[PDB]
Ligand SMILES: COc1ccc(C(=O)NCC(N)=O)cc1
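Presented as structure tokens, the chain that follows is alone, the form deposited without the ligand.
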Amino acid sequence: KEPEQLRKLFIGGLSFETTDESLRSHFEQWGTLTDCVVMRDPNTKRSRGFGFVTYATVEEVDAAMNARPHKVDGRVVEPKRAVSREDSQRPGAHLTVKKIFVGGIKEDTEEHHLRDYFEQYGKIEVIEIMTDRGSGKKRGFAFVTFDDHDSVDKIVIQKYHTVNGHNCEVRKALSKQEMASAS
């Protein structure tokens, strides 16, 4: 079926008392769970305050994210699309942000090209195709802001994105300082 990575959600901010079972009890309400686990320190067996749930289908994952906010064992938790272990090493991979950087877009790209691809992921708030202040020339990248951080997360976990007929690279937007800090 769909890849395990795209069927899984990271659940952060779990109460100290949530266990594999109480977690499953909550999330099974949105579909069939193929995996459900609270992460624990190997040594002291104590909860690390986070876990994962994996559904049989991405559509169930989507259903669960459409049901936010989630309260598990009396605490509002923070479900997020699961970012792969390799991608988790990149700067800002786990940031909650509503904006993405879209790089490598053709000179004739227009806003409608960005909408036709990105509106299927969520409600768009702002689209900025960047130009050099001063020369007025296109720089080949844009920013797109959405109303929900999950739209960004669901887009960046996918590998390819076709805008104005060709692939473009999409990453979470890091600020000017964050880019420096990741240098």
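In this text, residue numbers run from 1 along the sequence as written.
One more form of this protein should be noted, the form deposited with the ligand bound, which is absent from this view; the next part is about it.
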*Open or blocked, the ligand overlaid from its pose in the deposited bound form onto this form, 2.4 Å backbone/C-beta test*: open
*Would residue 122 sit within 4.5 Å of the ligand in the deposited bound form, counting heavy atoms only?*
yes
*Does any heavy atom of residue 66 come within 4.5 Å of a heavy atom of the ligand in the deposited bound form?*
yes
_Since only the chain is shown here, I'm wondering whether residue 28 would be in contact with the ligand in the deposited bound form (any heavy atom pair within 4.5 Å)._
no
*For residue 62, is any heavy atom within 4.5 Å of the ligand in the deposited bound form, or not?*
yes
*Though the partner is not shown here, which residues of 150-166 have a heavy atom within 4.5 Å of the ligand in the deposited bound form?*
154
